[PDB]
Amino acid sequence: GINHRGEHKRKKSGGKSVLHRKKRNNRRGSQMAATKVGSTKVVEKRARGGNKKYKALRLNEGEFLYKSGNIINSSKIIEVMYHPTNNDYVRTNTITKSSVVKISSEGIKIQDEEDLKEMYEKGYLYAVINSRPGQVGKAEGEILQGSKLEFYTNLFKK
Amino acid sequence: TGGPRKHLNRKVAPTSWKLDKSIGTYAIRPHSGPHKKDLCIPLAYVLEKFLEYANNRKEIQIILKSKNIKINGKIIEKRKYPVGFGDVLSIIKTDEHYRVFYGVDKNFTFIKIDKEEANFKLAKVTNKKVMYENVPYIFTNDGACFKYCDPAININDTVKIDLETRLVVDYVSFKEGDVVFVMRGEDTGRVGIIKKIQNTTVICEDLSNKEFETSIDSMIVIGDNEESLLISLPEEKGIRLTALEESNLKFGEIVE
Amino acid sequence: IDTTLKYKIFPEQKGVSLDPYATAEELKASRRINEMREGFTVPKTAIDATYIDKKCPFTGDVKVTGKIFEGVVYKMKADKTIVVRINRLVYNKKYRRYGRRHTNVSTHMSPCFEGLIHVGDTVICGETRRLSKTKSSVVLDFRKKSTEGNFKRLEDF
RNA sequence: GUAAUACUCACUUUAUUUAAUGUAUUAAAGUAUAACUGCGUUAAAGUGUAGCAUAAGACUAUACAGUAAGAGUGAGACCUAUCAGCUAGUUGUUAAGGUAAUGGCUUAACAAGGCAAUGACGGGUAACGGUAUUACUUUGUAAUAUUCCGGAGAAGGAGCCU
Ligand SMILES: [Mg+2]
Ligand SMILES: [Mg+2]
Ligand SMILES: [Mg+2]
Ligand SMILES: [Mg+2]
C-alpha cells in the first residue's frame, strides 16, 4: 500500500530513473493515526515477527511529572495551545509529540512560585508531551517551569 | 528467495570434511549449535568415514538409538548434531574416548585419550560483565554462562570445565612465554611459544624455532609453561615442515 | 536562550537535566562534550559556545565509524553543507599509463568553524551513518592553503 | 526486463528483526466446534435444518551465543556529438507522521540550491552479471546459454489474508 523504498526518486544529477522489480513486503507502511481527546480507546497492532504495537485513537488522563518536587500524578487534558509543524492541529485537537497542552490542577500539589500562582487560582496548568502517542500508546510529559515557560508563551495565540 | 536455504552442495562443501567430490550431489547441512560454521562437522560423517563403524544409513540408527554415544557426557540420538572443536566424545561400551582437534594438514582428526583426561574440557573466555542483582558472570566461546568465579580471571584467559558438575575448576592466565594452539587462519594446527604480544596479533615461535604472526582471536593458550602441558599433544606436535624439507627428505640434502 | 539559530522547540540537550530556575554559569558547566578518536582534539569553540545542533559530532548524537578521507573544498553557498572535491589516479593495463578522475562529496559542516575555512584549503573528514539523501560524512579538521611562492615585502621577511 | 540501485571486492550497522538449536534466569473451577445419528437439496460444481448434541485443544516473560535476512559508504565495467546544457520533491534547514530500523521515505513552513567536454542530459543493444574452464600470446587479448555462486519472472498489470 504505502512503501518506503528509494528506487523511484531521481538521481543526484537530475536524470530519470527506471525500476526493475515489483513491490516488496520488507518496506511496508501504514496511514497516520491522529490521537484525539475524548473517551479512552486503544487498539493493538501486529508488527514483523510478533512484537505487538499499541496505537491510541482517543486519549484521556495522561501522566505528567512535577520537576521541582519530583512526584508524578495524573491529570485531565483540556485544550492544546501550540503545535510546531502544522498550525491546523489546534482547531482539530490532535495530540502528537512535543505539543503543549492545558491540564487540570486538582490533584496536583504545587509549591509557592510567582509564575504558577495566578493560574493555580483557576483550574489550569501547562504541560508538554514527550512520548510518541501513536506507537507507545500513552502520553507522558513535564510541567512547564521557569524560563521554559518564557519561551513557549511568546508563541501563543494572544 | 523469500526465506532460508535448506539444501547444501557438495562442491561448496568444506575440504576439511575429507569428502569425495565424486558421484554425490548434495551434502548434509548441519544444525545450528554452539560452535561456528567452520569448526563444526556433522555426526553422521564421523561414524561413517573417520571412524569405521557403519556402512549405510540403517546401521547409523542402530548405534545411535542404542544410546552408547556420549558427547560431552550427554547421550544424543540425532544424526545432524554438530561436533565442534575440543569436545570429548565417548562410547559407554568399550571405554573408548577421543579428543577432537585438527591435524597438521587442515583436516579433522580423532586422538584416543585416557580416562583421567576424559573428565575435563578446555575453553576460552571472550566477555565478562555483572548481571542482574549484582552477580558476576563470565561468557565463554561456546555460549555457556558461569558465575561466582575467581576475580583473577580476565577477558582473554582460558578455563578448565569439569564437564560433570559444570563448574569452573582451574584457569590459565594470558601472558608471554606460554605454549599456544591455533585453530583458524591460513596456519592451522601450529603449536608455539609466545615471544611478543601485540595489540591485535601475537609474535610466536615454533618448536622448530620458526616465526609466524596470527591474530589473537584465532589462538587458544593451552598452558602457561612448557612443563605444564595441560592436554596431550598430537603425534606430529603441529610442526608442519616446509616444502623445501619435504624436497630434502625425498632425494637427500644438497651436498655443497 | 541564544538567537544564533532560529528555533521551533526548546533548545536543550538530550539526557542533560537540571533544576528549572538555573543560572547562566550553572547551565554552562553542564554541557556534555562527546569523546573522540585518537589524533583529533575537540576545538575551543565547541565548549564556550551555546549552540545546539543535532548533527554536530562535538556535543551531539552522531558517532563516527569507518574510514577517513581528505579533499579540497569547492563551494560554500548553502547552510551547513560544503562540497569536497577528491582527486585520484587510475591505472590502465594495456597502454601502461595513468588517468585523472574526480568526485564530488557533500559533507556536513559543524557550527564551530565559522570564519576560518575559506575556498581552496584542505579538510580532513570522517564517514558516519546516513544523514540525508546525499549527506553521509562530517568535517573534522582543516589546514590552511599553502603559501609557497608569493610576493613578500621586507616586513614579511 | 534491467548499462546500474543488479554483480564483485574492501569497510559499517551503539541504526535492526529471527520459529526449529546450545547454555542459563524467571512463573504457574468455568467456556465452543468436529467426526457420529437422523431429515433433505440441485444438470453439474457444492452446500442446509435438528439431537440444551457429544470429544482431545485453547483461554509465562527475558538474556548471551549460533544460523538466516534487511539497510548503508566508496571503487570498477559495450557502441553513439547527425545527442551541449540539464534538473523543480529537484538540493538544503527546522518540525512531525510511519517503519523492526538510518534516510525527501511522506507532509507543513522557509530558502535557492544540485550536476556537467575527467562527456551531464538523451538514443541503440540481434545486453542477466561474475566464475570454474578453453584458445592465442613476449608486459596481455577473445569467447564463457554449458560446472558453481548471485539477481528477476510464472498470459499482462494491480491489491491482499495466514
Ligand atoms: Mg452442529
Ligand atoms: Mg511541501
Ligand atoms: Mg557471461
Ligand atoms: Mg506460455
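A few remarks follow.
- Within region A:1-30, the only residue that satisfies the criterion of being among the polar types (S, T, N, Q), surrounded by 10 or more Cβ atoms within 10 Å (Cβ to Cβ) and more than 6 Å from RNA strand D (Cβ to nearest atom) is A:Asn3.
- Going through (1) over 28 Å from A:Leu149 (Cβ atoms); (2) more than 11 Å from RNA strand D (Cβ to nearest atom); (3) of a type in the set (A, V, I, L, M) one by one, C:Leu18 falls short only on (1).
- Residue satisfying condition, being more than 7 Å from RNA strand D (Cβ to nearest atom), among the basic types (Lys, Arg), loosely packed, with under 14 Cβ neighbours inside 10 Å and more than 25 Å from C:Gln13 (Cβ to Cβ), within set C:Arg101, C:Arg97: C:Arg97
- Of the strands (runs of 3 or more DSSP E) lying entirely inside region B:120-208, the ones with 2 or more residues being more than 22 Å from the chain's Cα centre (by Cα) and loosely packed, with under 12 Cβ neighbours inside 10 Å are found at B:121-131.
- Any hit, region B:78-99, residues being exposed (fewer than 14 other Cβ atoms within 10 Å of the Cβ), within 16 Å of RNA strand D (Cβ to nearest atom) and either among the basic types (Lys, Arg) or assigned to a loop (DSSP other than H, G, I, E, B) (or both): yes
- Remark: C:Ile124 matches the filter, which requires a residue to be touching an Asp or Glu at 6+ places or on another chain (Cβ under 6 Å) and away from chain A (no Cβ under 14 Å).
- Residue count for region A:67-105, restricted to those that are within 11 Å of another protein chain (Cβ to nearest Cβ) and either touching a residue at least 60 places away in the same chain (Cβ under 8 Å) or of a type in the set (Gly, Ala, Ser) (or both): 5
- Residue-level check: of (1) in a helix (DSSP H, G or I); (2) within 23 Å of the chain's Cα centre (by Cα), A:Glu142 misses just (1).
- Looking only at region C:9-37, residues that are loosely packed, with under 10 Cβ neighbours inside 10 Å and within 12 Å of chain A (Cβ to nearest Cβ) come to 2 in all.
- Residue under evaluation C:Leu89, criteria (1) within 10 Å of RNA strand D (Cβ to nearest atom); (2) surrounded by 14 or more Cβ atoms within 10 Å (Cβ to Cβ), criterion not met: (2)
- Subset of region C:127-157 (residues that are within 14 Å of chain A (Cβ to nearest Cβ) and within 17 Å of C:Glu70 (Cβ to Cβ)): C:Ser136
Here Cβ is always computed from backbone atoms with ideal geometry, including for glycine, and neighbour counts include all displayed protein chains. Any read-out appearing in this document is the output of simple, stated calculations on the displayed coordinates, not a laboratory observation.
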